[PDB]
file query.json (JSON, C-alpha atoms and all ligand atoms)
[["chain", "number", "residue", "atom", "x", "y", "z"],
["A", 1, "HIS", "CA", -17.74, 15.85, 5.20],
["A", 2, "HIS", "CA", -16.37, 12.37, 4.53],
["A", 3, "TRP", "CA", -12.56, 12.28, 4.52],
["A", 4, "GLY", "CA", -10.62, 12.54, 1.28],
["A", 5, "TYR", "CA", -7.42, 13.89, -0.23],
["A", 6, "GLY", "CA", -8.70, 17.37, -0.96],
["A", 7, "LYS", "CA", -7.62, 20.68, 0.55],
["A", 8, "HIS", "CA", -10.59, 20.71, 2.92],
["A", 9, "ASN", "CA", -10.96, 17.01, 3.79],
["A", 10, "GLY", "CA", -7.41, 15.77, 3.33],
["A", 11, "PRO", "CA", -4.64, 14.37, 5.61],
["A", 12, "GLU", "CA", -4.33, 17.59, 7.63],
["A", 13, "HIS", "CA", -8.00, 17.34, 8.65],
["A", 14, "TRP", "CA", -8.18, 13.61, 9.41],
["A", 15, "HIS", "CA", -7.29, 13.91, 13.12],
["A", 16, "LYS", "CA", -10.63, 15.66, 13.80],
["A", 17, "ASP", "CA", -12.60, 12.53, 12.87],
["A", 18, "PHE", "CA", -9.84, 10.07, 13.76],
["A", 19, "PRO", "CA", -7.81, 11.26, 16.80],
["A", 20, "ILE", "CA", -5.38, 8.39, 16.33],
["A", 21, "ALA", "CA", -4.00, 10.35, 13.36],
["A", 22, "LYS", "CA", -1.72, 11.98, 15.94],
["A", 23, "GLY", "CA", -0.76, 8.65, 17.51],
["A", 24, "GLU", "CA", 2.56, 7.04, 18.46],
["A", 25, "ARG", "CA", 2.97, 4.74, 15.45],
["A", 26, "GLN", "CA", 1.44, 6.42, 12.44],
["A", 27, "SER", "CA", 2.48, 5.71, 8.83],
["A", 28, "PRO", "CA", 4.00, 6.50, 6.45],
["A", 29, "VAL", "CA", 7.43, 7.67, 7.57],
["A", 30, "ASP", "CA", 10.67, 8.81, 5.99],
["A", 31, "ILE", "CA", 13.34, 6.13, 5.98],
["A", 32, "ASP", "CA", 16.61, 7.76, 7.02],
["A", 33, "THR", "CA", 19.43, 5.52, 5.76],
["A", 34, "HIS", "CA", 21.81, 7.36, 8.06],
["A", 35, "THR", "CA", 19.87, 5.99, 11.01],
["A", 36, "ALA", "CA", 18.23, 2.75, 9.79],
["A", 37, "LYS", "CA", 19.62, -0.16, 11.81],
["A", 38, "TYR", "CA", 20.81, -3.41, 10.25],
["A", 39, "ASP", "CA", 19.42, -6.29, 12.31],
["A", 40, "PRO", "CA", 21.19, -9.61, 11.59],
["A", 41, "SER", "CA", 18.31, -11.38, 13.34],
["A", 42, "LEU", "CA", 15.82, -10.56, 10.58],
["A", 43, "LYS", "CA", 14.90, -13.61, 8.52],
["A", 44, "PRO", "CA", 14.40, -13.59, 4.74],
["A", 45, "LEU", "CA", 10.89, -12.84, 3.50],
["A", 46, "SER", "CA", 8.86, -15.87, 2.44],
["A", 47, "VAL", "CA", 6.34, -15.04, -0.26],
["A", 48, "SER", "CA", 4.11, -17.81, -1.61],
["A", 49, "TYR", "CA", 1.84, -16.38, -4.31],
["A", 50, "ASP", "CA", 1.56, -19.38, -6.65],
["A", 51, "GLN", "CA", -1.96, -20.09, -5.38],
["A", 52, "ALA", "CA", -3.04, -16.45, -5.61],
["A", 53, "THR", "CA", -6.67, -16.09, -6.74],
["A", 54, "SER", "CA", -7.61, -12.58, -7.89],
["A", 55, "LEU", "CA", -11.33, -11.82, -8.12],
["A", 56, "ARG", "CA", -11.97, -8.27, -9.30],
["A", 57, "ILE", "CA", -10.71, -4.70, -9.55],
["A", 58, "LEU", "CA", -12.68, -1.77, -8.16],
["A", 59, "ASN", "CA", -12.53, 2.02, -7.92],
["A", 60, "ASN", "CA", -13.64, 2.81, -4.36],
["A", 61, "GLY", "CA", -13.00, 6.53, -4.60],
["A", 62, "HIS", "CA", -9.66, 6.40, -2.76],
["A", 63, "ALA", "CA", -7.72, 4.33, -5.27],
["A", 64, "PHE", "CA", -8.32, 1.16, -7.26],
["A", 65, "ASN", "CA", -8.08, -2.20, -5.55],
["A", 66, "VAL", "CA", -7.57, -5.73, -6.80],
["A", 67, "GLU", "CA", -9.27, -8.13, -4.39],
["A", 68, "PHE", "CA", -8.24, -11.72, -3.73],
["A", 69, "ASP", "CA", -9.93, -14.84, -2.40],
["A", 70, "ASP", "CA", -8.53, -15.12, 1.13],
["A", 71, "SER", "CA", -10.87, -17.98, 2.06],
["A", 72, "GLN", "CA", -8.18, -20.67, 1.88],
["A", 73, "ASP", "CA", -4.55, -20.51, 2.98],
["A", 74, "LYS", "CA", -3.62, -19.64, -0.61],
["A", 75, "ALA", "CA", -1.36, -16.62, -1.14],
["A", 76, "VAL", "CA", 0.44, -16.09, 2.17],
["A", 77, "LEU", "CA", 3.32, -14.03, 3.53],
["A", 78, "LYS", "CA", 5.60, -15.25, 6.31],
["A", 79, "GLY", "CA", 9.15, -15.02, 7.61],
["A", 80, "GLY", "CA", 10.88, -11.67, 7.79],
["A", 81, "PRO", "CA", 9.94, -9.89, 11.06],
["A", 82, "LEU", "CA", 6.65, -11.80, 11.16],
["A", 83, "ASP", "CA", 5.49, -14.65, 13.38],
["A", 84, "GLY", "CA", 2.85, -16.90, 11.88],
["A", 85, "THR", "CA", 1.15, -16.65, 8.49],
["A", 86, "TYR", "CA", -0.53, -13.68, 6.82],
["A", 87, "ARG", "CA", -3.03, -14.04, 3.98],
["A", 88, "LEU", "CA", -3.10, -11.70, 0.99],
["A", 89, "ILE", "CA", -6.44, -9.90, 0.76],
["A", 90, "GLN", "CA", -5.84, -7.06, -1.73],
["A", 91, "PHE", "CA", -3.43, -4.57, -3.26],
["A", 92, "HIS", "CA", -3.71, -0.96, -4.40],
["A", 93, "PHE", "CA", -1.44, 1.96, -5.32],
["A", 94, "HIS", "CA", -0.89, 5.59, -4.27],
["A", 95, "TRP", "CA", 0.43, 8.02, -6.90],
["A", 96, "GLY", "CA", 0.93, 11.70, -7.67],
["A", 97, "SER", "CA", -0.11, 14.49, -10.04],
["A", 98, "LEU", "CA", 3.40, 14.35, -11.52],
["A", 99, "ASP", "CA", 6.22, 11.80, -11.70],
["A", 100, "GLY", "CA", 8.16, 13.65, -9.01],
["A", 101, "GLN", "CA", 5.81, 12.55, -6.23],
["A", 102, "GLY", "CA", 3.28, 9.88, -5.33],
["A", 103, "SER", "CA", 4.87, 7.48, -2.85],
["A", 104, "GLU", "CA", 3.83, 7.54, 0.79],
["A", 105, "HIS", "CA", 7.09, 6.38, 2.31],
["A", 106, "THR", "CA", 10.24, 8.25, 1.32],
["A", 107, "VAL", "CA", 13.90, 7.27, 1.50],
["A", 108, "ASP", "CA", 16.16, 10.08, 2.68],
["A", 109, "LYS", "CA", 13.39, 12.50, 1.71],
["A", 110, "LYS", "CA", 13.27, 11.10, -1.84],
["A", 111, "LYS", "CA", 9.74, 10.55, -3.16],
["A", 112, "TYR", "CA", 8.91, 8.00, -5.85],
["A", 113, "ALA", "CA", 6.30, 8.19, -8.61],
["A", 114, "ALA", "CA", 4.00, 5.75, -6.80],
["A", 115, "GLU", "CA", 3.80, 3.08, -4.13],
["A", 116, "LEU", "CA", 2.21, -0.36, -4.28],
["A", 117, "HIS", "CA", 0.67, -1.84, -1.13],
["A", 118, "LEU", "CA", 0.01, -5.57, -0.79],
["A", 119, "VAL", "CA", -2.22, -6.03, 2.26],
["A", 120, "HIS", "CA", -2.14, -9.23, 4.36],
["A", 121, "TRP", "CA", -3.85, -10.22, 7.62],
["A", 122, "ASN", "CA", -2.71, -12.53, 10.45],
["A", 123, "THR", "CA", -4.53, -15.87, 10.20],
["A", 124, "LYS", "CA", -4.39, -16.40, 13.96],
["A", 125, "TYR", "CA", -7.18, -13.83, 14.24],
["A", 126, "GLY", "CA", -9.69, -15.67, 12.05],
["A", 127, "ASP", "CA", -10.66, -12.91, 9.63],
["A", 128, "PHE", "CA", -9.62, -9.45, 8.44],
["A", 129, "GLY", "CA", -12.21, -7.67, 10.56],
["A", 130, "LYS", "CA", -10.79, -9.05, 13.80],
["A", 131, "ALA", "CA", -7.18, -8.74, 12.65],
["A", 132, "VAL", "CA", -7.35, -4.94, 12.27],
["A", 133, "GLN", "CA", -8.07, -4.56, 16.00],
["A", 134, "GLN", "CA", -4.72, -6.09, 16.99],
["A", 135, "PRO", "CA", -1.26, -4.43, 17.01],
["A", 136, "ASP", "CA", 0.08, -7.31, 14.90],
["A", 137, "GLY", "CA", -3.04, -7.93, 12.84],
["A", 138, "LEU", "CA", -1.74, -6.83, 9.45],
["A", 139, "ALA", "CA", 1.39, -6.86, 7.33],
["A", 140, "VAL", "CA", 1.68, -4.52, 4.36],
["A", 141, "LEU", "CA", 4.37, -5.04, 1.76],
["A", 142, "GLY", "CA", 5.33, -1.69, 0.25],
["A", 143, "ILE", "CA", 6.99, -1.47, -3.15],
["A", 144, "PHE", "CA", 8.24, 1.74, -4.79],
["A", 145, "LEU", "CA", 7.67, 2.50, -8.45],
["A", 146, "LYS", "CA", 10.23, 4.49, -10.43],
["A", 147, "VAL", "CA", 9.76, 5.58, -14.04],
["A", 148, "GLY", "CA", 11.85, 3.70, -16.58],
["A", 149, "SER", "CA", 11.36, 0.52, -18.57],
["A", 150, "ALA", "CA", 7.85, -0.95, -18.55],
["A", 151, "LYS", "CA", 6.82, -3.68, -16.10],
["A", 152, "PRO", "CA", 5.21, -6.54, -18.09],
["A", 153, "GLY", "CA", 3.20, -7.86, -15.15],
["A", 154, "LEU", "CA", 1.55, -4.48, -14.60],
["A", 155, "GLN", "CA", 0.11, -4.14, -18.11],
["A", 156, "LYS", "CA", -3.03, -6.18, -17.39],
["A", 157, "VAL", "CA", -3.82, -3.83, -14.51],
["A", 158, "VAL", "CA", -3.24, -0.66, -16.53],
["A", 159, "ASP", "CA", -5.30, -1.74, -19.56],
["A", 160, "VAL", "CA", -8.45, -2.43, -17.54],
["A", 161, "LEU", "CA", -8.49, 0.96, -15.78],
["A", 162, "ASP", "CA", -10.36, 2.50, -18.69],
["A", 163, "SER", "CA", -13.45, 0.51, -17.67],
["A", 164, "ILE", "CA", -13.43, 1.50, -13.97],
["A", 165, "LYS", "CA", -12.82, 5.25, -14.33],
["A", 166, "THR", "CA", -15.48, 6.39, -11.85],
["A", 167, "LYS", "CA", -16.12, 5.47, -8.20],
["A", 168, "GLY", "CA", -18.31, 2.42, -7.73],
["A", 169, "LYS", "CA", -17.18, 0.85, -10.98],
["A", 170, "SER", "CA", -15.58, -2.60, -10.92],
["A", 171, "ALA", "CA", -14.68, -5.43, -13.28],
["A", 172, "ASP", "CA", -13.92, -9.14, -13.13],
["A", 173, "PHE", "CA", -10.18, -9.53, -12.77],
["A", 174, "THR", "CA", -9.34, -13.21, -12.50],
["A", 175, "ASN", "CA", -6.09, -15.01, -13.25],
["A", 176, "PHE", "CA", -3.82, -12.11, -12.29],
["A", 177, "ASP", "CA", -0.50, -13.17, -10.78],
["A", 178, "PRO", "CA", 0.88, -10.64, -8.24],
["A", 179, "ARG", "CA", 4.29, -12.26, -8.64],
["A", 180, "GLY", "CA", 4.80, -10.06, -11.70],
["A", 181, "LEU", "CA", 4.80, -6.93, -9.54],
["A", 182, "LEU", "CA", 7.75, -7.93, -7.38],
["A", 183, "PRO", "CA", 11.32, -6.68, -7.74],
["A", 184, "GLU", "CA", 14.26, -9.03, -8.15],
["A", 185, "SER", "CA", 15.52, -8.61, -4.58],
["A", 186, "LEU", "CA", 13.53, -8.96, -1.37],
["A", 187, "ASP", "CA", 15.84, -6.99, 0.92],
["A", 188, "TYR", "CA", 13.72, -4.76, 3.12],
["A", 189, "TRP", "CA", 13.23, -2.24, 5.93],
["A", 190, "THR", "CA", 10.62, -2.83, 8.60],
["A", 191, "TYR", "CA", 8.91, -0.94, 11.43],
["A", 192, "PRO", "CA", 5.61, -1.01, 13.38],
["A", 193, "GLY", "CA", 3.02, 1.33, 11.89],
["A", 194, "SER", "CA", -0.55, 2.06, 10.90],
["A", 195, "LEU", "CA", -2.96, 2.14, 7.97],
["A", 196, "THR", "CA", -2.29, 5.25, 5.87],
["A", 197, "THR", "CA", -5.96, 6.10, 5.38],
["A", 198, "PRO", "CA", -8.75, 6.36, 7.97],
["A", 199, "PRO", "CA", -9.46, 4.62, 10.33],
["A", 200, "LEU", "CA", -5.66, 4.86, 10.58],
["A", 201, "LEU", "CA", -5.49, 1.90, 12.99],
["A", 202, "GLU", "CA", -2.02, 1.08, 14.35],
["A", 203, "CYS", "CA", -2.19, -2.62, 13.47],
["A", 204, "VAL", "CA", 0.48, -2.84, 10.77],
["A", 205, "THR", "CA", 3.92, -4.37, 10.54],
["A", 206, "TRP", "CA", 5.39, -2.49, 7.61],
["A", 207, "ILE", "CA", 7.74, -4.24, 5.23],
["A", 208, "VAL", "CA", 9.16, -1.85, 2.64],
["A", 209, "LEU", "CA", 11.33, -3.25, -0.12],
["A", 210, "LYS", "CA", 14.63, -1.55, -0.87],
["A", 211, "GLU", "CA", 14.46, -2.25, -4.61],
["A", 212, "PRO", "CA", 11.84, -0.33, -6.60],
["A", 213, "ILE", "CA", 10.14, -1.71, -9.68],
["A", 214, "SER", "CA", 10.43, 0.15, -12.99],
["A", 215, "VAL", "CA", 7.26, 1.15, -14.82],
["A", 216, "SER", "CA", 7.07, 3.21, -18.02],
["A", 217, "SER", "CA", 5.72, 6.77, -18.03],
["A", 218, "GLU", "CA", 2.98, 5.44, -20.29],
["A", 219, "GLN", "CA", 1.85, 2.97, -17.61],
["A", 220, "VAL", "CA", 1.79, 5.41, -14.69],
["A", 221, "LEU", "CA", 0.02, 7.98, -16.84],
["A", 222, "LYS", "CA", -3.07, 5.74, -16.95],
["A", 223, "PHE", "CA", -3.35, 5.87, -13.15],
["A", 224, "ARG", "CA", -3.97, 9.62, -13.44],
["A", 225, "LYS", "CA", -7.01, 9.22, -15.69],
["A", 226, "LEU", "CA", -9.16, 7.73, -12.91],
["A", 227, "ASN", "CA", -11.66, 9.86, -10.98],
["A", 228, "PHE", "CA", -12.49, 10.27, -7.29],
["A", 229, "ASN", "CA", -16.13, 11.03, -8.11],
["A", 230, "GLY", "CA", -18.92, 8.73, -9.23],
["A", 231, "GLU", "CA", -20.30, 8.64, -12.77],
["A", 232, "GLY", "CA", -22.45, 11.62, -13.71],
["A", 233, "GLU", "CA", -20.94, 14.15, -11.30],
["A", 234, "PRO", "CA", -18.37, 16.97, -11.03],
["A", 235, "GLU", "CA", -15.17, 15.47, -12.43],
["A", 236, "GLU", "CA", -12.27, 15.35, -9.98],
["A", 237, "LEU", "CA", -9.17, 13.46, -11.12],
["A", 238, "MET", "CA", -7.69, 10.79, -8.88],
["A", 239, "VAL", "CA", -4.17, 12.11, -8.25],
["A", 240, "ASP", "CA", -2.11, 12.69, -5.10],
["A", 241, "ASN", "CA", -3.90, 10.10, -2.98],
["A", 242, "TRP", "CA", -0.91, 9.81, -0.63],
["A", 243, "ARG", "CA", -0.44, 10.79, 3.01],
["A", 244, "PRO", "CA", 2.58, 12.92, 4.04],
["A", 245, "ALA", "CA", 5.33, 11.36, 6.20],
["A", 246, "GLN", "CA", 4.48, 11.22, 9.91],
["A", 247, "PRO", "CA", 6.67, 11.69, 13.05],
["A", 248, "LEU", "CA", 8.79, 8.60, 13.76],
["A", 249, "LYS", "CA", 8.53, 9.19, 17.51],
["A", 250, "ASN", "CA", 10.32, 6.50, 19.55],
["A", 251, "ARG", "CA", 10.43, 3.96, 16.71],
["A", 252, "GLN", "CA", 13.44, 2.30, 15.12],
["A", 253, "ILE", "CA", 13.55, 1.29, 11.46],
["A", 254, "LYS", "CA", 15.38, -2.00, 10.99],
["A", 255, "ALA", "CA", 17.09, -3.18, 7.81],
["A", 256, "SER", "CA", 17.44, -6.79, 6.68],
["A", 257, "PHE", "CA", 20.57, -5.86, 4.74],
["A", 258, "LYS", "CA", 23.95, -4.24, 5.38],
["B", 1, "LIG", "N1", -11.60, -1.00, 10.36],
["B", 1, "LIG", "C1", -11.36, -0.88, 9.24],
["B", 1, "LIG", "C2", -11.09, -0.77, 7.84],
["B", 1, "LIG", "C3", -9.96, -1.42, 7.25],
["B", 1, "LIG", "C4", -9.70, -1.31, 5.86],
["B", 1, "LIG", "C5", -10.58, -0.53, 4.96],
["B", 1, "LIG", "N2", -10.32, -0.41, 3.49],
["B", 1, "LIG", "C6", -9.16, -1.02, 2.72],
["B", 1, "LIG", "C7", -7.78, -0.54, 3.18],
["B", 1, "LIG", "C8", -6.74, -1.48, 3.44],
["B", 1, "LIG", "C9", -5.46, -1.02, 3.89],
["B", 1, "LIG", "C10", -5.24, 0.38, 4.09],
["B", 1, "LIG", "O1", -4.00, 0.81, 4.54],
["B", 1, "LIG", "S1", -2.80, 1.18, 3.54],
["B", 1, "LIG", "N3", -3.28, 2.35, 2.63],
["B", 1, "LIG", "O2", -2.59, -0.03, 2.81],
["B", 1, "LIG", "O3", -1.80, 1.67, 4.42],
["B", 1, "LIG", "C11", -6.28, 1.33, 3.83],
["B", 1, "LIG", "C12", -7.54, 0.88, 3.38],
["B", 1, "LIG", "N4", -11.38, 0.02, 2.63],
["B", 1, "LIG", "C13", -11.62, 1.29, 2.17],
["B", 1, "LIG", "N5", -12.66, 1.31, 1.40],
["B", 1, "LIG", "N6", -13.15, 0.00, 1.33],
["B", 1, "LIG", "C14", -12.38, -0.75, 2.06],
["B", 1, "LIG", "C15", -11.73, 0.11, 5.60],
["B", 1, "LIG", "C16", -11.98, -0.01, 7.00],
["B", 2, "ZN", "ZN", 25.54, 9.25, 7.87],
["B", 3, "ZN", "ZN", -1.99, 2.00, 0.77]]

call {"tool": "encode", "arguments": {"input": "query.json", "output": "structure tokens"}}
result
Amino acid sequence: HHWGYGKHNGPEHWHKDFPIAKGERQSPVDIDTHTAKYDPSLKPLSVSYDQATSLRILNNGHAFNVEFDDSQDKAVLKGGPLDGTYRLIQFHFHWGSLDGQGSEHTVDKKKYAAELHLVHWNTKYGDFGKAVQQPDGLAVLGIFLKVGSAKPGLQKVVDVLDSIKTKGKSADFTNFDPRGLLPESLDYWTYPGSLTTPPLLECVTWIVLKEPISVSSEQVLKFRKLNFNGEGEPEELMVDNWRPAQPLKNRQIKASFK
């Protein structure tokens, strides 16, 4: 009974295998703009992706991930609420069965069509495996996707999905520049959280951008043609792979903007 996003192995059942699911700093959360607090101490985000080296794209049964070479201090994230440098290791999306839902975080209860997660790990811990065991081991940059004009930089990603439809499938995906997935502005909200899928470790400093990126309905539609299952098996479309908003508890969401 491996976890999943189904009615019988989904988010509501996760706590049985991973007790931390009911922890003090679980993600995602709803960002209440009536209560978010502007912190003038927050520094601007520093994103250096010019040396980004993508390797491949894979369907792991939970979503599709684009993996990067994090061997050298190439693509790193710093500044903002972070101390030290964080290396980019991979990115993936979460989306819905319809345009009206799909994002994990919400803003004043508003859901977006999808959410992009760029995962980075703190270099002071040596590797990703050790970083996940620390409260400040990871930094995930969350970007909302709204349906509108097409996003040029996302087309390369969308076109290759046809060849990785089933779980276990992957393809070489070199020379992809993640800079084409970023919005114009880097204003953001931040709070201490967790991974949104099991093991649900509370090792993440969440950085959610205020400005969403626009993608065409044609682009997001291709996300919905992927499958959770492996080739030669009962077909089960990959849709609604998002976790519902969790209790904020005693946490405060800070804003880098007024
Ligand atoms: N300990 C541990 C551990 C850490 C990450 C794992 N991941 C990738 C992943 C990254 C971020 C994430 O969090 S999120 N969604 O970005 O909030 C969810 C999953 N994985 C899944 N299948 N293959 C790899 C698996 C085990
Ligand atoms: Zn108000
Ligand atoms: Zn994610």

call {"tool": "residues_around", "arguments": {"input": "query.json", "residues": "range 180-190 of chain A", "least_positions_apart": "3", "cutoff": "10 Å", "atoms": "all atoms listed in the file", "output": "number ranges by chain"}}
result
A: 31, 33, 36-39, 42, 44-47, 80-81, 116, 141-145, 151-155, 176-177, 193, 205-215, 252-258

call {"tool": "residues_near_ligand", "arguments": {"input": "query.json", "ligand": "ligand ZN 3 (chain B)", "cutoff": "10 Å", "atoms": "only C-alpha atoms and all ligand atoms", "output": "ChimeraX atom specification"}}
result
/A:27-28,62-63,65,91-94,103-104,115-119,140-142,195-197,241-243

call {"tool": "closest_residue", "arguments": {"input": "query.json", "among": "A:224, A:109, A:167, A:156", "to": "ligand LIG 1 (chain B)", "atoms": "all atoms listed in the file"}}
result
A:167

call {"tool": "atom_distance", "arguments": {"input": "query.json", "atom1": "CA of residue 194 in chain A", "atom2": "atom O1 of ligand LIG 1 (chain B)"}}
result
7.3 Å

call {"tool": "closest_residue", "arguments": {"input": "query.json", "among": "A:125, A:5, A:112, A:86", "to": "residue 238 in chain A", "atoms": "only C-alpha atoms"}}
result
A:5

call {"tool": "closest_residue", "arguments": {"input": "query.json", "among": "A:98, A:76, A:107, A:201", "to": "residue 23 in chain A", "atoms": "all atoms listed in the file"}}
result
A:201

call {"tool": "atom_distance", "arguments": {"input": "query.json", "atom1": "CA of residue 21 in chain A", "atom2": "CA of residue 102 in chain A"}}
result
20.1 Å

call {"tool": "closest_residue", "arguments": {"input": "query.json", "among": "A:175, A:9, A:90, A:51", "to": "ligand LIG 1 (chain B)", "atoms": "only C-alpha atoms and all ligand atoms"}}
result
A:90

call {"tool": "build_atoms", "arguments": {"input": "query.json", "residues": "range 48-59 of chain A", "atoms": "N, CA, C and O atoms", "output": "mmCIF file, keeping the file's coordinate frame"}}
result
data_model
loop_
_atom_site.group_PDB
_atom_site.id
_atom_site.type_symbol
_atom_site.label_atom_id
_atom_site.label_comp_id
_atom_site.auth_asym_id
_atom_site.auth_seq_id
_atom_site.Cartn_x
_atom_site.Cartn_y
_atom_site.Cartn_z
ATOM 1 N N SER A 48 4.658 -16.682 -0.870
ATOM 2 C CA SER A 48 4.110 -17.810 -1.610
ATOM 3 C C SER A 48 2.835 -17.360 -2.321
ATOM 4 O O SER A 48 1.739 -17.464 -1.771
ATOM 5 N N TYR A 49 2.983 -16.867 -3.546
ATOM 6 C CA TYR A 49 1.840 -16.380 -4.310
ATOM 7 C C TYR A 49 1.406 -17.268 -5.478
ATOM 8 O O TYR A 49 0.605 -16.841 -6.307
ATOM 9 N N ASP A 50 1.924 -18.488 -5.552
ATOM 10 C CA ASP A 50 1.560 -19.380 -6.650
ATOM 11 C C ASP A 50 0.097 -19.801 -6.639
ATOM 12 O O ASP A 50 -0.443 -20.198 -7.668
ATOM 13 N N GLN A 51 -0.549 -19.718 -5.480
ATOM 14 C CA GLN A 51 -1.960 -20.090 -5.380
ATOM 15 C C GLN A 51 -2.849 -18.855 -5.290
ATOM 16 O O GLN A 51 -4.012 -18.950 -4.904
ATOM 17 N N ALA A 52 -2.298 -17.701 -5.652
ATOM 18 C CA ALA A 52 -3.040 -16.450 -5.610
ATOM 19 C C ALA A 52 -4.274 -16.493 -6.510
ATOM 20 O O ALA A 52 -4.188 -16.876 -7.675
ATOM 21 N N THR A 53 -5.422 -16.095 -5.970
ATOM 22 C CA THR A 53 -6.670 -16.090 -6.740
ATOM 23 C C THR A 53 -7.331 -14.712 -6.752
ATOM 24 O O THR A 53 -8.102 -14.377 -5.851
ATOM 25 N N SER A 54 -7.026 -13.912 -7.772
ATOM 26 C CA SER A 54 -7.610 -12.580 -7.890
ATOM 27 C C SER A 54 -9.074 -12.712 -8.300
ATOM 28 O O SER A 54 -9.441 -13.638 -9.034
ATOM 29 N N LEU A 55 -9.905 -11.786 -7.829
ATOM 30 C CA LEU A 55 -11.330 -11.820 -8.120
ATOM 31 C C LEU A 55 -11.822 -10.667 -8.985
ATOM 32 O O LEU A 55 -12.459 -10.883 -10.017
ATOM 33 N N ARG A 56 -11.525 -9.441 -8.562
ATOM 34 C CA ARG A 56 -11.970 -8.270 -9.300
ATOM 35 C C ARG A 56 -11.153 -7.023 -8.973
ATOM 36 O O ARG A 56 -10.356 -7.016 -8.037
ATOM 37 N N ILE A 57 -11.371 -5.972 -9.757
ATOM 38 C CA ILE A 57 -10.710 -4.700 -9.550
ATOM 39 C C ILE A 57 -11.816 -3.662 -9.403
ATOM 40 O O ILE A 57 -12.801 -3.675 -10.153
ATOM 41 N N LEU A 58 -11.661 -2.767 -8.438
ATOM 42 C CA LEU A 58 -12.680 -1.770 -8.160
ATOM 43 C C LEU A 58 -12.133 -0.399 -7.821
ATOM 44 O O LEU A 58 -11.069 -0.279 -7.215
ATOM 45 N N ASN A 59 -12.879 0.630 -8.215
ATOM 46 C CA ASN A 59 -12.530 2.020 -7.920
ATOM 47 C C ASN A 59 -13.430 2.356 -6.734
ATOM 48 O O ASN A 59 -14.646 2.463 -6.893
#
